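First comes the structure, then the notes that go with it.
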Amino acid sequence: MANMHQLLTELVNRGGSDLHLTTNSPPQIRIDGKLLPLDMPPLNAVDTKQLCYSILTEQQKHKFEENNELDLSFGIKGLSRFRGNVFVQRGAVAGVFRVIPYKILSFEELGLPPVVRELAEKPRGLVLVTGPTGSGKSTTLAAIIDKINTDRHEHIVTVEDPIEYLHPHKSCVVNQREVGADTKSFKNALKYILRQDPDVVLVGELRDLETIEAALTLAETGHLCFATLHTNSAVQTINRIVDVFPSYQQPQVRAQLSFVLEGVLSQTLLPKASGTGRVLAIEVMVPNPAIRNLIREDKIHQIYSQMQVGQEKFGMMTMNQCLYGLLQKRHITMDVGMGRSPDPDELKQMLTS
Amino acid sequence: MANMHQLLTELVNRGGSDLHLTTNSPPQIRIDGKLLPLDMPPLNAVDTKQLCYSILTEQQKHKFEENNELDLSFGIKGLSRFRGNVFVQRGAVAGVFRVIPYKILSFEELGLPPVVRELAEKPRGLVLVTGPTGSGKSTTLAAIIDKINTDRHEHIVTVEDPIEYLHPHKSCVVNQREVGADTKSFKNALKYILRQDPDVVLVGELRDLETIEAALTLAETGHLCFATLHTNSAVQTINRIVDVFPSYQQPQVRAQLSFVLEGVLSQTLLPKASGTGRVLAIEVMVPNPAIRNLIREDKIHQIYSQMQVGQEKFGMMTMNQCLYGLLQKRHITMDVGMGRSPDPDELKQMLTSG
Amino acid sequence: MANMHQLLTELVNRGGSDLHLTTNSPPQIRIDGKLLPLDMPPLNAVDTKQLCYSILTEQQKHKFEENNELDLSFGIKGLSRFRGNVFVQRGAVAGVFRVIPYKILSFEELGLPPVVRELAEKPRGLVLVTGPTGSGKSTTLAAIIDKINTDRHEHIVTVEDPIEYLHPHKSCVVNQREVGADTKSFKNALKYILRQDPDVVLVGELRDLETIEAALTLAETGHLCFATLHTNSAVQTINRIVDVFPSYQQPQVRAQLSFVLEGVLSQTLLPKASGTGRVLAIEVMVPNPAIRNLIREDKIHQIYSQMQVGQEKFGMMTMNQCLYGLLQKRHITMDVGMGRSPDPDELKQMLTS
Ligand SMILES: Nc1ncnc2c1ncn2[C@@H]1O[C@H](COP(=O)(O)OP(=O)(O)OP(=O)(O)O)[C@@H](O)[C@H]1O
Ligand SMILES: Nc1ncnc2c1ncn2[C@@H]1O[C@H](COP(=O)(O)OP(=O)(O)OP(=O)(O)O)[C@@H](O)[C@H]1O
Ligand SMILES: Nc1ncnc2c1ncn2[C@@H]1O[C@H](COP(=O)(O)OP(=O)(O)OP(=O)(O)O)[C@@H](O)[C@H]1O
Ligand SMILES: [Mg+2]
Ligand SMILES: [Mg+2]
Ligand SMILES: [Mg+2]
C-alpha cells in the first residue's frame, strides 16, 4: 500500500508528532499525545523493514544491523525534516519518526511568554530548558536560537545527536555538528569548541557530570550556553545539577551556578479544552540577586517562594501560576490542570481566593 | 517413552508451574509448589539432552555448549509458551521449564484487589511488583499490561530476558524487545527507549544502581514504568532502592521516589486449605501525601502505620491484613497464615481482637 | 610396592581422614587428627607422580601441569569417593586425599543434637555451618541435605568445587553442579540459579562480598540456603558477615540477616578420652525474636547471653556448654576441653558450680 513518503506526508498533514511502524499493526500516528491507527492493513516484517530502510543510507543500514539500534535525522524535500529511531522487536524492524518542521514558529505562536524572548538577548550565561520527554524543549530552543540568528552578528555552534532543526545563516554564523558524522561524540566536540571562537553554544542534555562541567565552563568563559534536562521544575533542576557532584565539591558548583545561571524553563504540553491541539504550560525562573544568594547559601528550596512574587519585576512564573492562567482563559479543563499540578492543593488555594 | 511435546502437555494439563528434567529421575512437575514425579522410567543423560535440545535452535545449542548455561523462551502452537533454563549437572544436561499461558487471566481470577486495576489507569509514575521467586510477579504484570493495552491508545515497550507473555496489539501499540536477540542488553535498550516515543515501559528487575536510575528517570519524564524487585514488603522495597546509593546521594533518591512512586505490590503464593491450588497474598501500598512526606523526611518505617489505616480511602493493605482476610474466607489454614506472616504477633492480635 | 588402590583402601579401612603422598616419606594417613606413616619404603618423585596421576583424567593432567595446582574429586567403585589436591614441592608431585563415604551417617551417629534435625525442616532462610578446617562441616551439611532429600518433594541444587558427597534422588530432585566442569564458576552458577526453580541451595563458603550477597538474596527470595564459614562461633560468624561491607551499607546487611538467619552451627572435632575416634563439639544458635532484635539494634555481642539460656526453649547451646556436657559424660579429658574452650575461665566457673 502506502510508501514511506505518503505515510510521512500524512503525519505532517494531520499535525501528528510521531509516526509508529511495527508488525501486526497498521501505521499509527500520535496526534495531541494519543495514538491513532491509519485506515490501512497491518504491516508485516517485510513492510516495516522496507519502509524504515527506505530512509536510510547504506552506511546507516550496516550500522543498524550491527547494533539493532539507530538514531538519525533526514529530510524530505518540500515536506519536512524528521528524527528517526529504528530498533528491533519480536525479530522484526520497528521505527518511530518525529516531525521537525523546516519553518520555525514564533514565540507567540508557541505560547512562550515575553521573558523567553528576553533570554535570547542575554550576552552570556547558562539557560536551561527542561521538561518531560516530548514536551517541546527542542522547539523552544529552536525559536530562541532563530531569534539570536536574526538579531546578532555572533557565532552559534550546536552539537546534536542528531541534528534536528536546521538554521540557515541570517545575521549570525551558525555551525551545526552531528554526533557520529561531523564529530565523534559530544565529548570530542566540546574538547575543541573553545578553539572555534563561539558566542552561543547548544550542548544538548546535561546527561552526566562531564557534560555539566562543560556547560558551566562555557557559561563562565563568556558564552551563552543552552542545555536541556529532563527535570520538571526550576528547584528540581538546580538540585539535580548540584547533587551529581561529590559532597566536598558541591560548594563550588553552587557558586558557579549562582554566577552563570541566567534562566530555567520547565515545560509541559497539555491537551486543549476544545479537544484539538496542545497548549504549553511553562515554569520560568530568572535569577535575581536574592535567588543567586539562595543558591550560594544552599537554600535552594526557598527559590520557589521568590518565583511566586517575581512576576511583574522579572517575568518569573511557577508552574501552578501558569496553570492558573490557562484555566482562567479556559485553555485547559480543571481535570487536566489539577492532574498536572505539581502541588494540586496550592493550585486549589489559588483558585478559591 | 514420552517426548517433549507430551511432557509439556502434561505440565500444562496438570496446572503445574515447572517441569524438571534431570538424570536418574522421572520427569517431575511442580504442582502448587510441590514436586510430583510422573509415572515414567528415570531419564538418562541421552534422554535429558534429547528432550532439552528438541526445543532449541541450532544457535541456542551452540551457545549452551559454549557456556553450559542458557535462558530462553519458546512456544508450542496450540498449547502454551514456556520459559526454559538449560544447565549441566554431574556431566549431563538438565532443564527446567515454566509455563506461560497464551491467555492472560483477569484481576479477579488472579486474586488481585480492585486497587491493582486502578493502577493500570495511572498516566505516569513508578509501579513496583515485588516478592520472592515464583510468586506470580510476571503474571500480575501481564494482567496490568493487558488492561492498559485494552483501554488506552498509547505505546507500550517491554524489555525482557526472555520475552514471556506475548501481548498482541489491542488499542495500544506494543513493542517487546528480547535481550540477546532484539537488543544487546537492558542497558542498550534503555539507552534508546526515550527516543522511541513510549508511554508505558516494562524494564524488568531493578537489578543494579544503573537500572534503578533508568526506572526513576522514566517515571519522572512522563512515563508509566513497571519494574520488579525480590523484596517482601513495601517498606523493605523503598529501603532497598535508597540504600544501594552512596550516602550523600540518598537524599535525591528519596526525593525522586517521593515524587514518582505510584504503587508497590508485594506478593506471595500460598497453598489453598482445600489442598488443590494456590491463593495470592498481597501487600499493597499506594502513596498518599502523608506517605510521600515520610519518604522525603527519611521516615520510611512509619509508612507501615499509614498502610494499616489506608484501606478504605486508598485501597492499601498490609500483608497481615491480607492474610487476615484469607483466613476469614477460609482460603488458607491458620498454620499457613501464621507461617508466612512477617509479624505473627500482629496477626494474632488482629484475630483475637473481635 | 602398593598401588593407589591399595593405599586408598588402607586409608578407608583404618578410618583415616587424609592420605598424604610426598617424596622421601612413606605414605602417611591422618587418624584422629594425627599422622601415621605406613610400613612401606619412602616414595620418590617417580612414585608420587605415578600414584597421583593414576586417579586423574588426561584433561586434569594437562591442567595440573599448567598450574602446578589441582582440586578434584573421584570415586573408586565399591570403596569410597575421595577429594584430592595435587601440588608440587621441591620439584616433585605431592598429593593429599580426603575420604568421602558413599553412605551418609545419621544425626545421632555424627553426634548432632536434635535441633540440627529441626533445621532440616525449615522452609526458608539462611543456615550457616562454621568451624575450622576439617571440623566436619561438609559431613554435617550432607546429613542435613540427605534428610531434606528423604522428607521433602522439593528441588535441591548444590554448587561445589569439587562435588564431594553424592545425593541420589529420594523424594527430592537433587542437582549437583561441579565448578570447572558443570559450571564455569560459583559466580556463573549463582547467576542462573534463580531461573532453575530451586527450593534448597548449597553455595559453599561465603568467601567474598559477592557470595554473601548471593546467599542473602537466596534466603530472602523464599529459599533455604546453606553456606559455610571458617569462623569459630555464632557471634564471630555474624560479625564477619556484616563487617565485610562498607560502613554505610552495614545497616541493611544487619536488617537482612535479622530477617533471613535461621541457624548458625559452629563445630570442632576433639579426640575422645579413650584415645580412639573423635567426638563433635558444636555451638548452636537458633534466632528467637530477642536475638533478631539484637542483630537489628547492632548489639551482636549480647547474643551470647541469649544462647546461654535458650537451651530448653530453642535448643541453643554455647561451645562451653557443649564442652561441659562432653566432660560430664567423660567423652573428653579436662585438658582437651580446657585447651579448646574459647573462654577457659567461663568453663572453669561452669565446672566449680
Ligand atoms: N509550544 C508548543 N506548543 C504546542 N506544541 C508544541 C510546542 N512545542 C513543540 N510542540 C510539539 O510537541 C512535539 C514535540 O516537540 P519537540 O521535539 O520539540 O519536544 P522535545 O521535548 O524536544 O522532544 P524529545 O524529548 O523527544 O527530544 C512536536 O510535535 C511539536 O510540534
Ligand atoms: N495470582 C496467582 N494466583 C495463583 N497462581 C498464580 C498467580 N500468579 C501466578 N501464578 C502461578 O505461579 C507460577 C509463577 O508465575 P510467574 O512466573 O508469573 O511468577 P514470577 O514471580 O514472575 O516467577 P519468576 O521469579 O521465576 O520470574 C505460575 O504457575 C502461575 O500460574
Ligand atoms: N560428627 C563427626 N564426628 C566425628 N568425625 C567426623 C564428624 N564429621 C566429620 N568427621 C570426620 O572429619 C573429617 C573431615 O570431614 P569433613 O570433610 O566433612 O569436614 P570439613 O570441615 O568440611 O573439611 P574441609 O575444611 O577440608 O572442607 C572426616 O574424616 C570425617 O569422617
Ligand atoms: Mg528534543
Ligand atoms: Mg517472572
Ligand atoms: Mg568441607
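Identifiers in this document derive from the order of the C-alpha cells: chains are assigned A, B, ..., residues are numbered from 1 separately in each chain, and ligands are numbered from 1 in order of occurrence.
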| Contact residues (chain B, partner chain A, 8 Å, only C-alpha atoms) as a PyMOL selection string | chain B and resi 153-155+168-169+172-173+175-178+181-184+192+194-197+217+220-222+248-249+252
| Within 12 Å of ligand 6, counting only C-alpha atoms and all ligand atoms, residues as number ranges by chain | C: 17, 82-83, 98-100, 129-142, 160-165, 202-205, 227-230, 267
| How many Å lie between atom CA of residue A:211 and atom CA of residue B:214, rounded to one decimal? |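 Interatomic distance, atom CA of residue A:211 to atom CA of residue B:214: 18.2 Å.
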| Hey, can you check how far atom CA of residue C:76 sits from atom CA of residue C:53? |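 It comes out at 14.5 Å.
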| query | Using only C-alpha atoms and all ligand atoms, which of C:206, C:6, C:249, C:194 sits nearest ligand 5? | reply |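 Checking each candidate against ligand 5, we get C:194 as the closest.
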| said: One number please: atom CA of residue A:295 to atom CA of residue A:191, in Å, one decimal. | reply: 28.5 Å
Could you list, as a PDB file with N, CA and C atoms, in the first residue's frame, all residues that come within 8 Å of ligand 5? Count only C-alpha atoms and all ligand atoms.
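Okay, this is what ended up in pocket_34.pdb:
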ATOM      1  N   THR B 133      10.922 -15.472  44.575  1.00  0.00           N
ATOM      2  CA  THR B 133      10.992 -16.148  43.286  1.00  0.00           C
ATOM      3  C   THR B 133       9.743 -16.993  43.064  1.00  0.00           C
ATOM      4  N   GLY B 134       9.141 -16.849  41.884  1.00  0.00           N
ATOM      5  CA  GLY B 134       7.973 -17.634  41.533  1.00  0.00           C
ATOM      6  C   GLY B 134       6.709 -17.268  42.275  1.00  0.00           C
ATOM      7  N   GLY B 136       4.355 -15.051  41.260  1.00  0.00           N
ATOM      8  CA  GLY B 136       3.306 -14.525  40.408  1.00  0.00           C
ATOM      9  C   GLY B 136       3.545 -13.139  39.853  1.00  0.00           C
ATOM     10  N   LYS B 137       4.766 -12.611  39.960  1.00  0.00           N
ATOM     11  CA  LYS B 137       5.006 -11.210  39.617  1.00  0.00           C
ATOM     12  C   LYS B 137       4.793 -10.952  38.130  1.00  0.00           C
ATOM     13  N   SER B 138       5.379 -11.793  37.272  1.00  0.00           N
ATOM     14  CA  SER B 138       5.220 -11.608  35.832  1.00  0.00           C
ATOM     15  C   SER B 138       3.763 -11.763  35.416  1.00  0.00           C
ATOM     16  N   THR B 139       3.032 -12.656  36.083  1.00  0.00           N
ATOM     17  CA  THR B 139       1.617 -12.835  35.774  1.00  0.00           C
ATOM     18  C   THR B 139       0.812 -11.591  36.135  1.00  0.00           C
TER      19      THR B 139
END
